[PDB]
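**Student:** One structure, as structure tokens, below. Some questions next.
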Amino acid sequence: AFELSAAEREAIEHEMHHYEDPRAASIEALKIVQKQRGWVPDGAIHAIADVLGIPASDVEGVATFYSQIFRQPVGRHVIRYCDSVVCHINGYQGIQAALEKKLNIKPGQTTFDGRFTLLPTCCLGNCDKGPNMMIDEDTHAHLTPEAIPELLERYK
Amino acid sequence: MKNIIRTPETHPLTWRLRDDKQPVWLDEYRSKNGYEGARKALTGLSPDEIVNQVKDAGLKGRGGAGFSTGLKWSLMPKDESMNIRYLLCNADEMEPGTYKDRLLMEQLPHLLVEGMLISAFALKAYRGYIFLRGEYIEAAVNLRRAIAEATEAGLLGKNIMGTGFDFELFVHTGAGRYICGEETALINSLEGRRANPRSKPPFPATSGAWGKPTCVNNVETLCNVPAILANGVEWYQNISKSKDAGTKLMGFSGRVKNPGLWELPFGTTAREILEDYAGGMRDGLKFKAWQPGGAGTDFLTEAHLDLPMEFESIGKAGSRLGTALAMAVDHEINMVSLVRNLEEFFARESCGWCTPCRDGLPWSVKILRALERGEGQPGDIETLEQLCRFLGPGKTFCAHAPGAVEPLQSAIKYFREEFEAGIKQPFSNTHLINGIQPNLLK
Amino acid sequence: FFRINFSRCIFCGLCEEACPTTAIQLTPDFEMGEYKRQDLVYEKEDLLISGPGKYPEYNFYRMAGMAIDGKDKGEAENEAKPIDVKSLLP
Amino acid sequence: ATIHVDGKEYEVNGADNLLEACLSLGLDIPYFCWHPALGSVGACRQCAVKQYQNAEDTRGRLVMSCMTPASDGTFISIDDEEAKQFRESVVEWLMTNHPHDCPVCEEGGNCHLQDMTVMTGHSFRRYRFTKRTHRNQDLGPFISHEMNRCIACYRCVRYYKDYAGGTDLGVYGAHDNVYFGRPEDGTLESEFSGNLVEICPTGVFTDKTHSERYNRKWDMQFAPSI
Ligand SMILES: NC(=O)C1=CN([C@@H]2O[C@H](COP(=O)(O)OP(=O)(O)OC[C@H]3O[C@@H](n4cnc5c(N)ncnc54)[C@H](O)[C@@H]3O)[C@@H](O)[C@H]2O)C=CC1
Ligand SMILES: Cc1cc2nc3c(=O)[nH]c(=O)nc-3n(C[C@H](O)[C@H](O)[C@H](O)COP(=O)(O)O)c2cc1C
Ligand code: SF4
Ligand code: SF4
Ligand code: SF4
Ligand code: SF4
Ligand code: FES
Ligand code: FES
């Protein structure tokens, strides 16, 4: 059902070189599989556990403990808008309303075309330039609710 | 205050920043007196001499708690059979309202690399890990590039500066949990486990990463180290006439005219930060509250704005200095909704290990949602106060929940009117059962 | 099965007081004389009436968290829906 | 070692923690996460006593008796009002999400959580909000799984992983949605998986074979056998 690619296995083993215990590469292995496939599927837990020599219970517990290791399928781009206190003061709620009214989804949902997945995140460490958003790898600061329909059109 | 000249004597952390906010690379860094402290350390100082020098300089932990770094370094064991030591840089920085490490590792990554080199030589640590949050993409890129440049230039790897000291530096990008910044939970996450914290004692100085001795230090502390070792102890104690030596990255955020981050000596009052550096509040906004050091600290009022930003002065005011990145709450911000947002963050960033945080922060979140909707009932404010009391220091496994309930108790103490205005319904958690007469407690 | 030895029962009502579903009830009826003492042992077919008795609405299984037919997880009173441990939300 | 519990002097083992020392003296301290065979971790935060610096100390500090050594000259109070209040609070926080399941729970009458709820003195609910719920797993023919009743005390994973060496039981998730079970549906593989029905202080892990023909503990006729 699930088969790790050769590049994934080589990256996992090269990560395992860096640590005293091969269990210490579990987060990086999950991130490698997630970067290759968008999310970590069910058979990936057993594949990573077989590569690392630790039980699949611990790999599953690590994958479900960390919020940025997606254990459910996501869209092609994961929008992550900041929830925290400074972006609350600067008005992230307008940004959230603009994103919901443009994508027609609630947070934690995916659009019908699979293009975007809306997610609230914790503080992005960019509080003096808030409100802040993170599309897949790019941080967008100084957000305004009128800039959302233009900023979501450069992520096809 | 636009007229900020950043001399190396008064601004040791940010004097070599560039105007265009591009990172300073290895040639530019060494041009501006780079790796001089590392050279002095590795060519003319014993590791215990560096530990004593850092202890005499009075360098405290810039991660919020303010513990002395020399005392932390001196607590590593003296046994020579333990030589698999680890030095960890806590680059997680997940606290809401904290953005200093992002600036430090995006624009001066070689400063962090040199500080880790000096600290690893002092601690006799054979390996070093930068535990960095997974959202700092540019910080990760710049740190990996700076590590590659320092390795190619002979500043990392085997036989550094001809001394024979071997030090390997890695960058470990996390997967997004706030509790991973806790040092024992940082160690647990570095080992590839669920980032539940550990009870202390044993401290990581004797039993840390993979059982080996480990020293966890913040980004800013290790950025403070090379200036200490390149200019001396006397310069570091003669830049501020306060009990907290050295300079600190402070700054005000949130509906001020100039939100940002500036390197200031300790003893600088929060009022002059807010008015001269942050420019005061914006047009048509009135200052009603502020948090001195991030999301985990007590709210303070306008009367507390004249206190010097020190550990002892803010500690006597009922709050903590924290990360010293203050956040200003204007009059338009409802305190109940703000504290609801804070407690929602703190509740969902719980690790689930211990009962008071795991099952007593959601209760406060639901109470604050009810008070925000105008659906509060009598008993709610007293339940919030008892939650603040029984989630204090020593009642939970780690310090996530005491810092969680600090804004809650400070807001109930100062702005009790908004919480009391949330209460509108009579108390009831029981429906009527037809054939049974209820016991009417008075 | 369910049986009550009515030749032993003192009609004290402690069972009804102890019932946490209000299934067992003592009803206002006293005509229970019998020819044989063995016929005073009432099985479930002699005890299960076709209605709720003195408590017309209470349903214990509407309040219990255990899933039965017609009440899945999270469908009982004062219960949130089960959040999956693989959820994207933090 | 010499300890003073509520002004009464006791002679204990100084290599023990205060919870096991005080349980050995017949003193009652509520506890969930500690087991005599599994050791102390300090998860559930139930075993709080109040420690004083010396005899002439009045303010004290709440310490956790399972993580505190029973050293010489120790001064603790179990029946302090603040310690009693905090232990009742811990039981209350556990009770906020607990299902209304005791009549249809195989652990009833044999439940450590029932005992400690009664012992702390907590019988009045002031929580009006919703309870979290969990889906159950199929753990095979012997163990029945009911994750609603869990109090997140970590005894199952500590036993099954650190003690019994099994590999297919773990803890998944975070803040208040922690889930104790297998990574997928299937039979528990360890030969000592049955001891989960006595390690777990609630009705999460129960004897399925007994659940087929269930009777409460007070109704059993017991004998000591081999
Ligand atoms: N992003 C950030 O910078 C965040 C900062 N914080 C701050 O962190 C602090 C809470 O952190 P904690 O881990 O509870 O700090 P702590 O007070 O327990 O100790 C801080 C440091 O000193 C060491 N230490 C303390 N006492 C020691 C002893 N007796 N022996 C050996 N080492 C000892 C610890 O190992 C640790 O490295 C607060 O001040 C809070 O403001 C909290 C959350 C996020
Ligand atoms: C819940 C919690 C989260 C923390 N997160 C961080 C963090 O993200 N970054 C950090 O440097 N320290 C964090 N700390 C503080 C660390 O425990 C520790 O004090 C620090 O990382 C290193 O000490 P230092 O100040 O001497 O550098 C956190 C503490 C707690 C209790
Ligand atoms: S206070 Fe308790 S549950 Fe909360 S993060 Fe710390 S150890 Fe985990
Ligand atoms: S408890 Fe019920 S069955 Fe037993 S004697 Fe009393 S009324 Fe009769
Ligand atoms: S685990 Fe205990 S308290 Fe919970 S429903 Fe079962 S018997 Fe009742
Ligand atoms: S399933 Fe049982 S033993 Fe495991 S944490 Fe929950 S209550 Fe404790
Ligand atoms: S509060 Fe949103 S970036 Fe920090
Ligand atoms: S028994 Fe001591 S904290 Fe759980």
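What is reported rests on the model, the rules as stated and the sources as named; these are not laboratory values. Quick reminder, even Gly has a Cβ in these numbers, built from the backbone with ideal geometry, and neighbours come from all protein chains shown.
**Student:** Does segment B:389-411 hold any residues that are within 18 Å of D:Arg87 (Cβ to Cβ) and either touching a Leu at 6+ places or on another chain (Cβ under 8 Å) or in a helix (DSSP H, G or I) (or both), and which are they?
**Tutor:** If the condition is that a residue be within 18 Å of D:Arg87 (Cβ to Cβ) and either touching a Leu at 6+ places or on another chain (Cβ under 8 Å) or in a helix (DSSP H, G or I) (or both), then B:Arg389, B:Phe390, B:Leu391, B:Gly394, B:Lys395, B:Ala401 are the ones that fit.
**Student:** Search segment A:61-114 for residues being more than 16 Å from ligand 7 (Cβ to nearest atom) and among the polar types (S, T, N, Q), and hand back the single one that is surrounded by the fewest Cβ atoms within 10 Å (Cβ to Cβ).
**Tutor:** Residue satisfying both the conditions and the ranking: A:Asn104.
**Student:** Kindly indicate the residue of segment D:85-101 that is hydrophobic (A, V, I, L, M, F, W, C) and facing another protein chain (nearest Cβ under 7 Å) and also surrounded by the most Cβ atoms within 10 Å (Cβ to Cβ) among those meeting that condition.
**Tutor:** Applying the filter and picking the extreme gives D:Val90.
**Student:** If a residue must be assigned to a helix (DSSP H, G or I) and either within 16 Å of ligand 7 (Cβ to nearest atom) or farther than 27 Å from B:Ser31 by Cα (or both), how many such residues does segment B:106-145 contain?
**Tutor:** 5
**Student:** In segment B:204-226, what residues are polar (S, T, N, Q), within 14 Å of B:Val51 (Cβ to Cβ) and buried (at least 24 other Cβ atoms within 10 Å of the Cβ)?
**Tutor:** Of segment B:204-226, the ones polar (S, T, N, Q) are B:206-207, B:214, B:217-218, B:221, B:224.
Next, only the ones that are within 14 Å of B:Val51 (Cβ to Cβ) stay: B:217, B:221.
Hit for segment B:204-226 is B:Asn217, nothing else.
**Student:** Pairs needed: first member in segment C:11-27, within 14 Å of another protein chain (Cβ to nearest Cβ); second member anywhere, near ligand 4 (Cβ under 9 Å from one of its atoms) and in a helix (DSSP H, G or I); C-beta distance under 7 Å; at least 6 residues apart or different chains.
**Tutor:** That search, which allows pairs on different chains as well, returns C:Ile24/C:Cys15; C:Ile24/C:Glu16; C:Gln25/C:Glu16; C:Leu26/C:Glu16.
**Student:** In segment B:421-442, what count of residues is obtained for those that are part of a loop (DSSP other than H, G, I, E, B), more than 11 Å from chain D (Cβ to nearest Cβ) and touching a residue at least 24 places away in the same chain (Cβ under 8 Å)?
**Tutor:** 3
**Student:** Could I ask something else about it? Restricting attention to segment A:49-72, report how many residues are at the interface with another protein chain (Cβ under 7 Å from one of its Cβ atoms), within 20 Å of D:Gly181 (Cα to Cα) and not basic (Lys, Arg).
**Tutor:** Step one: list which residues in segment A:49-72 are at the interface with another protein chain (Cβ under 7 Å from one of its Cβ atoms), which gives A:55-58, A:60-62, A:64-72.
Now restrict to residues that are within 20 Å of D:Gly181 (Cα to Cα): A:55-58, A:60-62, A:64-67, A:69-72.
Restricting the remaining residues to those that are not basic (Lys, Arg) gives A:55-58, A:60-62, A:64-67, A:69-70, A:72.
Qualifying residue count for the region: 14.
**Student:** Something else: Report, by residue number, each residue of segment D:165-182 that is facing chain A (nearest Cβ under 7 Å), farther than 21 Å from B:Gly176 by Cβ and surrounded by 24 or more Cβ atoms within 10 Å (Cβ to Cβ).
**Tutor:** D:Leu169
**Student:** Any chance segment A:125-138 includes a residue that's touching a residue at least 12 places away in the same chain (Cβ under 8 Å), charged (D, E, K, R), more than 25 Å from B:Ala326 (Cβ to Cβ) and surrounded by fewer than 19 Cβ atoms within 10 Å (Cβ to Cβ)?
**Tutor:** Taking every residue of segment A:125-138 in turn, at least one turns out to be touching a residue at least 12 places away in the same chain (Cβ under 8 Å), charged (D, E, K, R), more than 25 Å from B:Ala326 (Cβ to Cβ) and surrounded by fewer than 19 Cβ atoms within 10 Å (Cβ to Cβ).
**Student:** Further question on the same structure: So, in segment D:174-226, how many residues would count as being assigned to a strand (DSSP E or B) and among the β-branched types (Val, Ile, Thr)?
**Tutor:** Within segment D:174-226, the subset assigned to a strand (DSSP E or B) is D:179-181, D:205-207.
Still in the list and also among the β-branched types (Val, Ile, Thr): D:206.
Selection size over segment D:174-226: 1.
**Student:** Just wondering, is there one or more residues in segment D:55-78 that are crowded, with 19+ Cβ neighbours inside 10 Å, within 14 Å of ligand 6 (Cβ to nearest atom) and free of Cβ contacts under 8 Å to residues at least 40 places away in the same chain?
**Tutor:** no
**Student:** Can you tell me which residue in segment C:49-80 is farthest from the other protein chains (Cβ to nearest Cβ), limited to those that are assigned to a loop (DSSP other than H, G, I, E, B) and among the charged types (D, E, K, R)? Full working, then the answer.
**Tutor:** First, the residues of segment C:49-80 that are assigned to a loop (DSSP other than H, G, I, E, B): C:49-59, C:63-67, C:69-70, C:72-78, C:80.
From what's left, among the charged types (D, E, K, R): C:54, C:57, C:69, C:72-73, C:75, C:77.
Values: C:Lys54: 5, C:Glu57: 5, C:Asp69: 14, C:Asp72: 9, C:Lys73: 5, C:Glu75: 9, C:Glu77: 8 Å.
Top of the filtered list is C:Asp69.
**Student:** Can you name the residue in segment B:163-183 that is in contact (Cβ under 8 Å) with a residue 60 or more places away in the chain and surrounded by fewer than 22 Cβ atoms within 10 Å (Cβ to Cβ) and is also farthest from B:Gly296 (Cα to Cα) among such residues?
**Tutor:** First pass over segment B:163-183, keeping only residues in contact (Cβ under 8 Å) with a residue 60 or more places away in the chain: B:163, B:165, B:174, B:177-183.
Still in the running and surrounded by fewer than 22 Cβ atoms within 10 Å (Cβ to Cβ): B:163, B:165.
Numbers: B:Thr163: 43, B:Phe165: 40 Å.
So the residue we want is B:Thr163.
**Student:** Can I ask one more? Run D:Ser144 past the list (1) assigned to a strand (DSSP E or B); (2) closer than 29 Å to A:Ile69 by Cα; (3) over 17 Å from the mean Cα position of the chain (by Cα) and report the number of the one that doesn't hold.
**Tutor:** (2)
**Student:** Another question, if that's okay. Do any helices (runs of 4 or more DSSP H) lying entirely in segment B:1-102 carry at least 2 residues that are in contact with a strand residue (DSSP E or B) (Cβ under 7 Å, 6 or more places away or on another chain) and not assigned by CATH to the domain that holds B:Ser253, and which ones are they? Steps first, answer last, please.
**Tutor:** Numbers: elements: B:26-31, B:36-44, B:47-57, B:69-74.
Here the list reads B:69-74.
**Student:** I need the full set of residues from segment B:125-151 which are in contact (Cβ under 8 Å) with a residue 24 or more places away in the chain, among the hydrophobic types (A, V, I, L, M, F, W, C) and either closer than 19 Å to B:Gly176 by Cα or out of contact with any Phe, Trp or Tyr (no Cβ under 7 Å at 6 or more places or on another chain) (or both), in order please.
**Tutor:** B:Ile130, B:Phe131, B:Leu132, B:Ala139, B:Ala140, B:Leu143, B:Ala146, B:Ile147, B:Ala150 - these are the residues of segment B:125-151 that are in contact (Cβ under 8 Å) with a residue 24 or more places away in the chain, among the hydrophobic types (A, V, I, L, M, F, W, C) and either closer than 19 Å to B:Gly176 by Cα or out of contact with any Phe, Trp or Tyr (no Cβ under 7 Å at 6 or more places or on another chain) (or both).
**Student:** Oh, and also: Which of the following residues is within 14 Å of ligand 1 (Cβ to nearest atom), within 23 Å of B:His304 (Cα to Cα) and touching a residue at least 12 places away in the same chain (Cβ under 8 Å): B:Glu406, B:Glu418?
**Tutor:** Only one candidate qualifies: B:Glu406.
**Student:** Looking only at segment B:384-442, count how many residues are touching a strand residue (DSSP E or B) at 6+ places or on another chain (Cβ under 7 Å) and charged (D, E, K, R).
**Tutor:** So the count comes out to 2.
**Student:** If you don't mind, another one. Starting from segment B:17-44, take each residue that is at positive phi and list its partners that are part of a helix (DSSP H, G or I), counting only C-beta distances under 6 angstrom and pairs at least six apart or across chains.
**Tutor:** Within 6 Å, the pairs are B:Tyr35/B:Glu114.
**Student:** Same structure, new question: List the residue pairs whose Cβ atoms are under 7 Å apart, where the first residue sits in segment D:91-111 and is within 13 Å of ligand 6 (Cβ to nearest atom), the second is in a loop (DSSP other than H, G, I, E, B) and of a type in the set (S, T, N, Q), and the two are 6 or more positions apart or on different chains.
**Tutor:** D:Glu107/D:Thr202; D:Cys111/D:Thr202
**Student:** Any residue at all in segment D:108-128 that is more than 16 Å from ligand 8 (Cβ to nearest atom), surrounded by 21 or more Cβ atoms within 10 Å (Cβ to Cβ) and in a loop (DSSP other than H, G, I, E, B)?
**Tutor:** Within segment D:108-128, none of the residues are more than 16 Å from ligand 8 (Cβ to nearest atom), surrounded by 21 or more Cβ atoms within 10 Å (Cβ to Cβ) and in a loop (DSSP other than H, G, I, E, B).
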